[PDB]
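Coordinate analysis (summary)
Spelled out from the first residue to the last, the chains are:
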Amino acid sequence: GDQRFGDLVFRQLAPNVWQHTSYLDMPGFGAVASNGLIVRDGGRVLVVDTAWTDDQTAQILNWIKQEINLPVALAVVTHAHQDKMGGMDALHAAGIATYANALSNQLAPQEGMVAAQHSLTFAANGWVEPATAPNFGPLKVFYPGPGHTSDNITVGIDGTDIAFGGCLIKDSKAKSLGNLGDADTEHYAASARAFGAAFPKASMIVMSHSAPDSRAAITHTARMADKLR
Ligand SMILES: [O-]
Ligand SMILES: [Zn+2]
Ligand SMILES: [Zn+2]
């Protein structure tokens, strides 16, 4: 299944959807995998999250050129940490329109990230304000509340059974909630549950640091997060 392409791994999840995976050494924790998504929408490609680095992100674009060979219309990144936004410069060098939560763009410089070009804003209920996500096609963007970070966002893919929780969601066999350095411990559980409620039909849950799983990823993550309160 997996396709090794340089130092990255690509996995097809559905007819028009692939997972990208890249790795960074976290001294004291090992080589940490981070996953994002690639979606073909007709004659264009949409990306969710960069790789950890500019070089790795350029490799994602190389893989897309080889395996899909259509223009990348836009990328959306799911918060201002390196695993999700570290390759912003590579996207910009490639001429790709980039989007992030307004709060992610605000936080980007202090987090050592380059901001996206465009800011998403959200209604009180968490759904993206449609004017701020033009031409997103099947990507349905939802802010579930603060959890892994204050700015974490999530993405459903219309026409598929897939929803992407980014670093908010861990798989059903995870022992912990990972790096909580920037987490909102009080609200994490409710935010994980809100993600599930936003995408009730999604049977395949994709996330940053585990392989795709069932919705038990959501229930298990939320149940673990109940212990943070
Ligand atoms: O992260
Ligand atoms: Zn993060
Ligand atoms: Zn992460």
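Residues numbered from 1 in each chain as written, not as in the entry; some residues may be left out. Chains lettered and ligands numbered in written order. Heavy atoms only, no water.

Regarding how it was determined, this PDB entry cites X-ray crystallography in its header, along with a resolution of 0.9500 Å.

For the chain, the name recorded in the PDB entry is Metallo-beta-lactamase type 2, with Klebsiella pneumoniae as its organism. The record for the entry shows the title "native structure of NDM-1 crystallized at pH5.5". Quoted verbatim from the Catalytic activity field of UniProt, the annotation for the chain is "a beta-lactam + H2O = a substituted beta-amino acid". Per its UniProt entry, the chain bears the Sequence similarities comment "Belongs to the metallo-beta-lactamase superfamily. Class-B beta-lactamase family." (UniProt positions renumbered as here; feature names shortened; annotations may be inferred.)

Considering the pattern of salt bridges
Think of it this way: side chains of opposite charge can pair up when their charged atoms draw near. Taken as a whole and judged by the stated rule, the model has 6 salt bridges. Residue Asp41 is joined to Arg44 by a salt bridge in which the shortest nitrogen-to-oxygen separation is 2.8 Å. The partly exposed category is assigned to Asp41, whose relative accessible area is 25%. Look at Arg44 and you get buried, because its relative accessible area is 19%. A salt bridge links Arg229 to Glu186, with the shortest nitrogen-to-oxygen separation between them at 2.8 Å. Pair noted here: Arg229 is in the segment after helix 6 (216–226) and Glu186 is in the loop between strand 11 (162–164) and helix 5 (188–198), with a separation of 43 residues, a long-range link. Assessed through its relative accessible area of 61%, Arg229 is described here as exposed. If you follow the salt bridges from partner to partner, you end up with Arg193, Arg223 and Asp226 in one network. (Salt bridge = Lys/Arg side-chain N within 4 Å of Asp/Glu carboxyl O. Buried < 20%, exposed > 50% of the residue type's maximum accessible area, 1.4 Å probe, protein only. Helix = DSSP H or I, 4+ residues; strand = E, 2+ residues; numbered from the N terminus.)

Details of the pairing of strand 5 (residues 44–48)
Of all 5 residues that make up strand 5, 5 are buried, and the element is covered over most of its length. Taking every second residue as pointing to the same face, both faces of strand 5 are buried, with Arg44, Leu46 and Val48 on one and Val45 and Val47 on the other. Sheet topology note: the strand 4 (residues 30–41)/strand 5 ladder contains 5 bridges and is antiparallel. Within strand 5, the residue paired with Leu37 across the bridge is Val48. Joining the antiparallel neighbours strand 4 and strand 5 is a turn of 2 residues, in which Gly42 adopts a positive phi near 60 degrees. Strand direction decides the pairing type here: strand 5 and strand 6 (residues 72–77), joined by 4 bridges, are parallel. Within strand 6, the residue paired with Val45 across the bridge is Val72. Read as a crossover between parallel neighbours, the route from strand 5 over helix 1 (residues 54–67) to strand 6 is right-handed. (Pairing = 2+ DSSP bridges. Right-handed = clockwise from strand over helix to strand, strands pointing away.)

Digging into the coordination of the zinc ion (ligand 2)
Looking at the zinc ion (ligand 2), one finds its protein donor set to be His79 (NE2), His81 (ND1) and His148 (NE2), positioned 2.0 to 2.1 Å from the metal centre. Viewed at the metal, the 4 donor atoms of the zinc ion (ligand 2) are separated by angles of 102 to 117 degrees, and the geometry they form is tetrahedral. For the zinc ion (ligand 2), the single-chain donor residues occur in sequence as H-x1-H-x66-H. The distance between the zinc ion (ligand 2) and the zinc ion (ligand 3) comes to 3.9 Å. (Donors = N, O, S within 2.8 Å, 3.2 Å for Na, K, Ca; no water. Tetrahedral: all angles 85-135°; square planar, octahedral: opposite > 155°, others 65-115°.)

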